[PDB]
Structure formats: C-alpha cells, structure tokens
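S.K.: Structure in structure tokens, see below.
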There are 2 protein chains.
Amino acid sequence: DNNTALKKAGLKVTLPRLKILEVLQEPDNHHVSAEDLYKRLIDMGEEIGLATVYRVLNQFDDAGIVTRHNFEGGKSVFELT
Amino acid sequence: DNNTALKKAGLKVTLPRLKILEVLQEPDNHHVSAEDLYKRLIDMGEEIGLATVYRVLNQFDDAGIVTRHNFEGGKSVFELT
Ligand SMILES: [Cl-]
Ligand SMILES: [Cl-]
Ligand SMILES: [Cl-]
Ligand SMILES: [Cl-]
Ligand SMILES: [Cl-]
Ligand SMILES: [Cl-]
Ligand SMILES: [Cl-]
Ligand SMILES: [Cl-]
Ligand SMILES: [Cl-]
Ligand SMILES: [Cl-]
Ligand SMILES: [Cl-]
Ligand SMILES: [Cl-]
C-alpha cells in the first residue's frame with residue numbers, strides 16, 4: 001500500500017509520488033538513476049518531467065524512503081530503504 | 001568559522017569538507033552544481049574526486065548546511081542555507 005507508505009513518511013499522496021514508488025518497486029529498477037527512472041516513466045505512458053523526478057527522489061531521501069548512492073564518475077542511483 | 005559549522009552540524013572536520021565549504025562561500029559559486037564545484041576545485045589545484053564532491057554535498061544537505069535546487073532539464077544546484 002503506497003498510499004499508506006507516503007502518509008507514514010509524512011508526504012501528501014500525489015500521482016508522481018505513487019508512480020515513482022511503483023518504479024522503485026520493479027525488480028529491474030531496484031537501483032535506479034533519476035534519468036533511468038524518468039525514462040521508465042516515459043515508457044509507461046506517464047507525463048512526469050525530469051525535474052519532478054529529481055524533486056520527488058530528493059524528498060524521498062529526506063523522508064527516509066530511499067537511499068542515495070554516489071559512484072565513480074558522478075553517477076548516482078536510488079533504492080528504497 | 002567553518003570548523004564550528006561542521007562540528008555543530010555533527011560532521012568530522014576534513015580537508016575536502018573545508019575546501020567544499022570555501023568554494024560555496026565564493027561570490028561566483030553562490031549556487032553551484034557538483035560538477036561545477038569540482039571544476040573550481042580542480043582550478044584551485046585540489047585533488048578532490050568528483051564522487052567525493054557529490055558525497056560531501058549530499059551529506060551537507062542532510063546536515064542542513066546546504067539547500068538543493070532542481071531545475072528544468074535535471075540540473076541540480078546547491079547553495080549554503
Ligand atoms: Cl532482476
Ligand atoms: Cl528484465
Ligand atoms: Cl538482472
Ligand atoms: Cl526491489
Ligand atoms: Cl541490493
Ligand atoms: Cl554512497
Ligand atoms: Cl570520481
Ligand atoms: Cl541494499
Ligand atoms: Cl568573477
Ligand atoms: Cl563575476
Ligand atoms: Cl554567497
Ligand atoms: Cl572520488
């Protein structure tokens with residue numbers, strides 16, 4: 001229940017937050033960059049922009065919903081905590 | 001005093017942390033991306049890697065030392081809070 005997950009993390013339920021959570025819950029996207037998560041959203045037929053993806057992920061990090069990893073070469077990925 | 005800011009923020013004082021705070025305090029770098037901050041450090045003769053810059057900035061975000069902004073196109077800029 002991602003509605004409950006968002007409430008439990010102190011965030012208003014919105015479509016981008018729900019759809020971003022959904023992608024993070026796909027096996028192939030267990031770890032995902034903001035750019036790849038955006039591409040998956042495009043593939044799904046969503047119209048959620050890349051800045052929104054970044055904003056949501058960074059809010060999720062603050063809320064303790066996701067973990068950020070920073071790799072060599074400035075490449076970054078997110079996963080659910 | 002940058003040492004105090006770091007200590008009160010709960011972070012060990014290290015040379016990269018101090019150098020990163022110093023770039024953020026330069027008028028021209030009031031707002032800067034990790035990449036641009038890294039470029040400036042290179043210009044200063046520093047040997048701080050890009051992944052370290054990202055890691056330090058994200059720690060600074062969590063400590064409430066910097067504010068993060070996400071612009072159109074996925075551009076991710078920092079400034080001191
Ligand atoms: Cl898999
Ligand atoms: Cl697959
Ligand atoms: Cl696989
Ligand atoms: Cl998973
Ligand atoms: Cl894992
Ligand atoms: Cl990391
Ligand atoms: Cl690197
Ligand atoms: Cl893990
Ligand atoms: Cl100048
Ligand atoms: Cl100038
Ligand atoms: Cl300034
Ligand atoms: Cl590095």
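Ligands are numbered from 1 in the order shown, chains are lettered A, B, ... in the order of the structure tokens, and residues start at 1 in each chain.
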Just the residues within 9 Å of region 57-70 of chain A, please, counting only C-alpha atoms, with nothing from its chain fewer than 3 positions along; format it as a count of residues only.

M.R.: 27

S.K.: Mind dumping a table of every chain A residue within 9 Å of ligand 1, with the nearest atom pair and its distance in Å to one decimal, using only C-alpha atoms and all ligand atoms, sorted by chain and rising number, as a tab-separated table?

M.R.:
residue	atom	partner	partner_atom_place_in_ligand_line	distance
A:26	CA	ligand 1	1 (Cl)	8.4
A:27	CA	ligand 1	1 (Cl)	4.8
A:28	CA	ligand 1	1 (Cl)	4.8
A:29	CA	ligand 1	1 (Cl)	8.2
A:30	CA	ligand 1	1 (Cl)	8.1

S.K.: Go through region 13-64 of chain B and collect every residue that DSSP, computed from the backbone, puts in helix (DSSP H, G or I); the answer should be as a PyMOL selection string.

M.R.: chain B and resi 15-24+27-29+34-43+50-62

S.K.: Convert the current residue selection to file output with C-alpha atoms, as a compact mmCIF listing (two decimals), in the first residue's frame.

M.R.:
# COMPACT_ATOMS: atom_id res chain seq x y z
CA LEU B 15 40.17 18.98 4.31
CA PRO B 16 37.69 18.15 1.50
CA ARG B 17 34.75 19.32 3.65
CA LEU B 18 36.50 22.58 4.43
CA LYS B 19 37.52 23.13 0.78
CA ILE B 20 33.97 22.45 -0.43
CA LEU B 21 32.53 24.95 2.10
CA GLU B 22 35.11 27.52 0.90
CA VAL B 23 34.04 27.21 -2.75
CA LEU B 24 30.36 27.60 -1.68
CA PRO B 27 30.50 35.01 -4.66
CA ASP B 28 30.70 33.41 -8.16
CA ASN B 29 29.86 29.99 -6.72
CA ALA B 34 28.57 19.27 -8.01
CA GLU B 35 30.28 19.25 -11.44
CA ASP B 36 30.94 22.98 -11.41
CA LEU B 37 32.14 22.85 -7.81
CA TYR B 38 34.52 20.03 -8.79
CA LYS B 39 35.76 22.13 -11.76
CA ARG B 40 36.55 25.03 -9.44
CA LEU B 41 38.43 22.72 -7.04
CA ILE B 42 40.48 21.48 -9.99
CA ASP B 43 41.27 25.13 -10.83
CA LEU B 50 34.07 14.10 -8.31
CA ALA B 51 32.36 11.29 -6.37
CA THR B 52 33.73 12.83 -3.13
CA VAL B 53 32.21 16.22 -4.11
CA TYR B 54 28.81 14.54 -4.61
CA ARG B 55 29.10 12.63 -1.31
CA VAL B 56 30.11 15.74 0.68
CA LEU B 57 27.30 17.85 -0.86
CA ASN B 58 24.69 15.22 -0.09
CA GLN B 59 25.96 14.95 3.50
CA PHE B 60 25.80 18.78 3.73
CA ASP B 61 22.19 18.61 2.53
CA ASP B 62 21.32 16.09 5.26

S.K.: Please identify which residues in chain A DSSP calls strand (DSSP E or B) from the backbone, and express them as a list in words.

M.R.: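 Residues meeting the strand (DSSP E or B) criterion: residues 32, 66, 67, 68, 69, 70, 76, 77, 78, 79 and 80 of chain A.
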
S.K.: Could you write out the selected residues, including N, CA, C and O atoms, as a PDB file, in the first residue's frame?

M.R.:
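Resulting contents of selection-v1.pdb:
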ATOM      1  N   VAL A  32      18.111   2.678  -9.256  1.00  0.00           N
ATOM      2  CA  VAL A  32      17.861   3.400 -10.487  1.00  0.00           C
ATOM      3  C   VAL A  32      18.322   4.860 -10.361  1.00  0.00           C
ATOM      4  O   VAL A  32      18.147   5.482  -9.301  1.00  0.00           O
ATOM      5  N   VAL A  66      14.076   6.495   0.545  1.00  0.00           N
ATOM      6  CA  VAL A  66      15.115   5.994  -0.365  1.00  0.00           C
ATOM      7  C   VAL A  66      16.520   6.263   0.142  1.00  0.00           C
ATOM      8  O   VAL A  66      16.735   7.164   0.966  1.00  0.00           O
ATOM      9  N   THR A  67      17.450   5.451  -0.368  1.00  0.00           N
ATOM     10  CA  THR A  67      18.880   5.604  -0.145  1.00  0.00           C
ATOM     11  C   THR A  67      19.557   6.022  -1.444  1.00  0.00           C
ATOM     12  O   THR A  67      19.290   5.466  -2.506  1.00  0.00           O
ATOM     13  N   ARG A  68      20.429   7.015  -1.348  1.00  0.00           N
ATOM     14  CA  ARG A  68      21.172   7.509  -2.487  1.00  0.00           C
ATOM     15  C   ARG A  68      22.565   6.896  -2.446  1.00  0.00           C
ATOM     16  O   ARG A  68      23.165   6.816  -1.364  1.00  0.00           O
ATOM     17  N   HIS A  69      23.059   6.446  -3.599  1.00  0.00           N
ATOM     18  CA  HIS A  69      24.451   6.018  -3.747  1.00  0.00           C
ATOM     19  C   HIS A  69      25.177   6.821  -4.818  1.00  0.00           C
ATOM     20  O   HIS A  69      24.671   6.977  -5.924  1.00  0.00           O
ATOM     21  N   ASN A  70      26.387   7.265  -4.506  1.00  0.00           N
ATOM     22  CA  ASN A  70      27.186   8.067  -5.433  1.00  0.00           C
ATOM     23  C   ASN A  70      28.400   7.254  -5.825  1.00  0.00           C
ATOM     24  O   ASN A  70      29.198   6.884  -4.959  1.00  0.00           O
ATOM     25  N   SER A  76      25.002   8.337 -10.126  1.00  0.00           N
ATOM     26  CA  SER A  76      24.231   8.154  -8.895  1.00  0.00           C
ATOM     27  C   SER A  76      23.026   7.264  -9.131  1.00  0.00           C
ATOM     28  O   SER A  76      22.477   7.232 -10.238  1.00  0.00           O
ATOM     29  N   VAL A  77      22.619   6.549  -8.082  1.00  0.00           N
ATOM     30  CA  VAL A  77      21.410   5.713  -8.101  1.00  0.00           C
ATOM     31  C   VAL A  77      20.664   5.770  -6.773  1.00  0.00           C
ATOM     32  O   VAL A  77      21.234   6.097  -5.718  1.00  0.00           O
ATOM     33  N   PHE A  78      19.384   5.421  -6.844  1.00  0.00           N
ATOM     34  CA  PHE A  78      18.495   5.423  -5.694  1.00  0.00           C
ATOM     35  C   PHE A  78      17.898   4.048  -5.524  1.00  0.00           C
ATOM     36  O   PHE A  78      17.656   3.371  -6.513  1.00  0.00           O
ATOM     37  N   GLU A  79      17.661   3.659  -4.275  1.00  0.00           N
ATOM     38  CA  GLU A  79      16.864   2.468  -3.955  1.00  0.00           C
ATOM     39  C   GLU A  79      15.996   2.707  -2.731  1.00  0.00           C
ATOM     40  O   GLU A  79      16.296   3.564  -1.922  1.00  0.00           O
ATOM     41  N   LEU A  80      14.922   1.940  -2.592  1.00  0.00           N
ATOM     42  CA  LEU A  80      14.087   2.033  -1.403  1.00  0.00           C
ATOM     43  C   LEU A  80      14.869   1.534  -0.200  1.00  0.00           C
ATOM     44  O   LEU A  80      15.597   0.538  -0.297  1.00  0.00           O
TER      45      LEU A  80
END

S.K.: Have a look at B:8, B:47, B:33, B:25 and name the one nearest to chain A; count only C-alpha atoms.

M.R.: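 Of the candidates, the smallest distance to chain A is held by B:33.
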
S.K.: Could you state the separation of CA of residue 14 (chain B) and CA of residue 2 (chain B) in Å, given to one decimal place?

M.R.: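 It comes out at 10.7 Å.
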
S.K.: For each of A:44, A:31, A:72, A:13, take the minimum atom-to-atom distance to chain B, counting only C-alpha atoms, then give the residue where this is smallest.

M.R.: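 Checking each candidate against chain B, we get A:72 as the closest.
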